[PDB]
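Visitor: Below you will find the structure I want to go over with you.
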Amino acid sequence: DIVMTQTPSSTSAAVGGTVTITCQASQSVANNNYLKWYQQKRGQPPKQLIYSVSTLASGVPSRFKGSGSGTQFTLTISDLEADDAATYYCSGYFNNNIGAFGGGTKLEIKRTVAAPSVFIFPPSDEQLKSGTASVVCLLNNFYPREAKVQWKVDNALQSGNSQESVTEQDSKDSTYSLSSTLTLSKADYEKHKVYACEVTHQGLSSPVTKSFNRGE
Amino acid sequence: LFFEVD
Amino acid sequence: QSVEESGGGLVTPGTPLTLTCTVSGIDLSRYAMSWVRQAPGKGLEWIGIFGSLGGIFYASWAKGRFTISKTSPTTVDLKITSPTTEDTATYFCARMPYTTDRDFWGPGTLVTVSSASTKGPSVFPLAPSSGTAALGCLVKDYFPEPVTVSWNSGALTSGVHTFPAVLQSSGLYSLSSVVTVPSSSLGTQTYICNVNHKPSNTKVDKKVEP
């Protein structure tokens, strides 16, 4: 069928830099100019950037530029800002009355290293009443995204009973946030005393530990 | 070429 | 100039499902409407379009699986004939011109195709214990997605981080929403998280306190 190959799948660049996204269609777009560039962020619909291959959409900064032939198209983003962290899509229409999208390109904005602020939350009494115990560890506003979060109960390394969830990259400070939840039953929870979340990150000289004693 | 899409 | 989808939610595999797209300030006698979808964490996918002159066009893979129609001068339908598991996705209705900037998308509606039953969440407080303090809300064991979480009925917005949901080994979803505030503010103001899970018609307001 009709294919739009968008490269790169993902890329990174610093504020003020430049990124170049390429879209390659298997055949020429309709009227040689049915081609639009979109920017999409988590939980939102896409927001237009370029139409007619090269025309700047109203209200879009001029640092977004579109170019191309009839089958290969280029989106160039200059003078990168924090707000540009998103996933970008090419959208095309074809003479057989068919629309298509490129696979998308995820752009991460680079910034200076930011160490996380760590918090530990013991389970609530309301949850313990229900027979389950979830211990939550919060890494707040850090960069880069890579982090090692390990659980230690009575100083025994846990494995396979925790789960991590990560935010999108923040559009203001280009940081990420992460939650690591240790999931136990109330029984297994009451088997132990010391609960510790250990965080290793490029921003920390040595691993930070946040802990509590059950029932203190 | 006319289309029902713009 | 706005667009809104409706009719999303949980549907059983094989049960027909019709979504409705309602526009306001958009002239459907002169402009076309498109149906797009996006599975969680994946790219946009073109489903079809109802054209300005009544032409109806579908992706090659979508013919038979979908029916697009205009039901009124301001509404366009997308009927999924026999939903399957792979049809789970956020569905967008969009005024998406390729050669103009009069581009308007609806917020999207999540369609989950599954035989499991809907379950409202349990909301538990992540309280701050002994400069900066953190608190939150554990939104545990619900199905299907999604839930919405606000803080102080929308008045609290700075430093809020609502993490994406994780599918549990039980087949239910769990999510957390946290916020950071100055430690001085803990005794001074109330902190309430407003969770809404529409598929189960659950609405919970939870006070989180030390």
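Within each chain, counting starts at residue 1; across the structure tokens, chains are named A, B, ... in the order shown, with ligands numbered 1 upward in that order.
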Please identify all residues of chain B having at least one atom at most 10 Å from any atom of chain C, considering only C-alpha atoms, and return them as a PyMOL selection string.
Guide: chain B and resi 3-6
Visitor: Kindly provide, as a VMD selection string, the residues of chain A having any atom no farther than 9 Å from an atom of chain C, counting only C-alpha atoms.
Guide: chain A and resid 1 33 to 37 43 to 53 55 to 58 89 91 to 93 97 to 104 119 to 127 134 136 138 140 163 to 168 177 to 179
Visitor: Quick one: residues within 10 Å of residue 1 in chain B, only C-alpha atoms counted, chain neighbours fewer than 3 positions away excluded, as number ranges by chain?
Guide: A: 30-31, 95
Visitor: What gap, in Å, lies between CA of residue 193 in chain A and CA of residue 214 in chain A?
Guide: 5.0 Å
Visitor: When DSSP is applied to the backbone of this structure, which of range 99-138 of chain C are assigned strand (DSSP E)? Write them out as a PyMOL selection string.
Guide: chain C and resi 104-105+109-113+122-126+132-138
Visitor: Rounded to one decimal place, report the CA of residue 157 in chain A-CA of residue 199 in chain A distance in Å.
Guide: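 Taking CA of residue 157 in chain A as the start and CA of residue 199 in chain A as the end point, the length is 12.8 Å.
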Visitor: Applying 8 Å and only C-alpha atoms, which residues near range 147-152 of chain A remain after dropping the ones on its own chain fewer than 2 positions away? List them as a list in words.
Guide: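 Skipping anything fewer than 2 positions along the chain leaves residues 144, 145, 154, 155, 156, 157, 158, 159, 162, 180, 182, 194, 195, 196, 197, 198, 199, 200, 201 and 202 of chain A.
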Visitor: Applying 10 Å and only C-alpha atoms, which residues near residue 81 in chain C remain after dropping the ones on its own chain fewer than 5 positions away? List them as an MDAnalysis selection string.
Guide: chainID C and resid 14:18 64:67
Visitor: Next, write the just-selected residues to a file, as an mmCIF file, in the first residue's frame, keeping N, CA, C and O atoms as the atom set.
Guide:
data_model
loop_
_atom_site.group_PDB
_atom_site.id
_atom_site.type_symbol
_atom_site.label_atom_id
_atom_site.label_comp_id
_atom_site.auth_asym_id
_atom_site.auth_seq_id
_atom_site.Cartn_x
_atom_site.Cartn_y
_atom_site.Cartn_z
ATOM 1 N N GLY C 14 -16.603 -8.175 19.054
ATOM 2 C CA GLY C 14 -17.684 -8.605 18.195
ATOM 3 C C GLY C 14 -18.945 -7.773 18.304
ATOM 4 O O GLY C 14 -19.839 -7.921 17.463
ATOM 5 N N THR C 15 -19.042 -6.907 19.310
ATOM 6 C CA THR C 15 -20.209 -6.047 19.474
ATOM 7 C C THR C 15 -20.008 -4.761 18.677
ATOM 8 O O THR C 15 -19.066 -4.013 18.968
ATOM 9 N N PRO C 16 -20.843 -4.467 17.676
ATOM 10 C CA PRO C 16 -20.677 -3.222 16.911
ATOM 11 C C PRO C 16 -20.553 -2.011 17.826
ATOM 12 O O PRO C 16 -21.150 -1.963 18.903
ATOM 13 N N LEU C 17 -19.764 -1.023 17.394
ATOM 14 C CA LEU C 17 -19.550 0.167 18.217
ATOM 15 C C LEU C 17 -19.507 1.410 17.342
ATOM 16 O O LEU C 17 -18.684 1.492 16.432
ATOM 17 N N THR C 18 -20.358 2.392 17.639
ATOM 18 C CA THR C 18 -20.463 3.602 16.831
ATOM 19 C C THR C 18 -19.977 4.803 17.631
ATOM 20 O O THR C 18 -20.500 5.085 18.715
ATOM 21 N N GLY C 64 -14.512 -2.510 5.101
ATOM 22 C CA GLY C 64 -15.256 -3.589 5.738
ATOM 23 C C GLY C 64 -15.260 -3.483 7.247
ATOM 24 O O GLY C 64 -16.295 -3.673 7.883
ATOM 25 N N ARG C 65 -14.103 -3.167 7.832
ATOM 26 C CA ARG C 65 -13.993 -3.075 9.281
ATOM 27 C C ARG C 65 -14.621 -1.805 9.844
ATOM 28 O O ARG C 65 -14.909 -1.754 11.045
ATOM 29 N N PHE C 66 -14.834 -0.782 9.019
ATOM 30 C CA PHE C 66 -15.389 0.483 9.479
ATOM 31 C C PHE C 66 -16.399 0.999 8.467
ATOM 32 O O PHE C 66 -16.284 0.747 7.265
ATOM 33 N N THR C 67 -17.391 1.732 8.971
ATOM 34 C CA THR C 67 -18.331 2.470 8.134
ATOM 35 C C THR C 67 -18.382 3.908 8.622
ATOM 36 O O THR C 67 -18.685 4.158 9.794
#
Visitor: How many Å lie between CA of residue 75 in chain A and CA of residue 17 in chain A, rounded to one decimal?
Guide: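 A separation of 14.0 Å between them.
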Visitor: Do you know which residues are at most 8 Å from range 187-204 of chain C counting only C-alpha atoms, after dropping those on the same chain fewer than 4 positions away, and could you put them as a list in words?
Guide: residues 9, 10, 118, 119, 120, 121, 123, 136, 137, 139, 143, 144, 146, 147, 148, 149, 150, 151, 152, 153, 208 and 209 of chain C
